[PDB]
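Peer 1: The authors' numbering applies: residue 2 is where the sequence shown begins, and numbers increase by one. No residue lacks a Cβ here, since even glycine has one placed at the ideal position from N, Cα and C.
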Amino acid sequence: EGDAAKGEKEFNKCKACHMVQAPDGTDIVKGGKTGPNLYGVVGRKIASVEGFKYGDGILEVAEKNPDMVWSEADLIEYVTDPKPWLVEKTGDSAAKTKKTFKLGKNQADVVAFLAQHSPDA
Ligand code: HEC
């Protein structure tokens with residue numbers, strides 16, 4: 002049972018690279034642009050943010066699984082350890098990505114925070 006209040010704090014480990022900004026430009030969490038905006042990520046098609054330059058592996062996940070979206074379960078796994086998640090979904094041990102950051106605790110909490118800011122999932 003993820004706690005979005007705890008997740009908001011844990012998101013300080015994500016905001017160097019990611020923002021959470023609503024479609025009207027309102028910052029929920031002011032953050033970087035190295036990774037894509039995470040507002041609305043829960044239920045969002047994998048690797049589908051307009052203009053973002055994704056790595057080959059995550060694009061392959063989306064290409065080979067056209068109906069795939071970010072579920073809460075997949076988010077928890079990916080946040081925990083991104084690379085093996087990509088290997089799992091692509092079936093390719095050499096799946097690319099420069100994104101290896103692993104969150105070691107409170108993963109369901111951060112995902113609850115992301116879900117709070119995906120009001121239309
Ligand atoms: C920079 C060093 C990052 C940190 C710290 C975190 N993320 Fe990240 N994220 C980053 C990049 C460059 C990418 C693109 C990956 C690729 O291979 O192209 C991502 C992607 C995500 C995604 C997928 C988004 C999508 O639109 O499909 C998610 C859900 C995500 N990142 C979440 C996330 C969280 C919760 C983090 C803190 C725990 C976090 N990331 C850290 C770069 C960086």
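Does residue 93 come out as helix, strand or coil in the three-state DSSP assignment?
Peer 2: Three-state result, residue 93: coil.
Peer 1: Could you check which residue in 55, 27, 97 and 75 has the C-alpha nearest to that of residue 109?
Peer 2: Ranking 55, 27, 97 and 75 by Cα distance to residue 109 puts 75 first.
Peer 1: Which stretch, first to last residue, makes up the alpha helix (DSSP H) that contains residue 111?
Peer 2: Segment 108–117, the alpha helix (DSSP H) holding residue 111.
Peer 1: From the DSSP secondary-structure annotation, give me the bridge partner or partners of residue 30.
Peer 2: Answer is 21.
Peer 1: How big is the Cα-Cα spacing for residue 71 and residue 27?
Peer 2: The alpha-carbon atoms of residue 71 and residue 27 are separated by roughly 23 Å.
Peer 1: Within the same chain, show all residues whose beta-carbon is closer than 6 Å to that of residue 19, passing over the 5 residues directly before and after it, in chain order.
Peer 2: Once the five neighbours on either side are set aside, the close Cβ partners of residue 19 are 32, 36 and 39.
Peer 1: Just mark residue 107 as buried or exposed, buried being the case when its beta carbon has 16 or more other beta carbons within 10 Å.
Peer 2: The residue in question, residue 107, is buried, as its Cβ has 16 or more Cβ neighbours within 10 Å.
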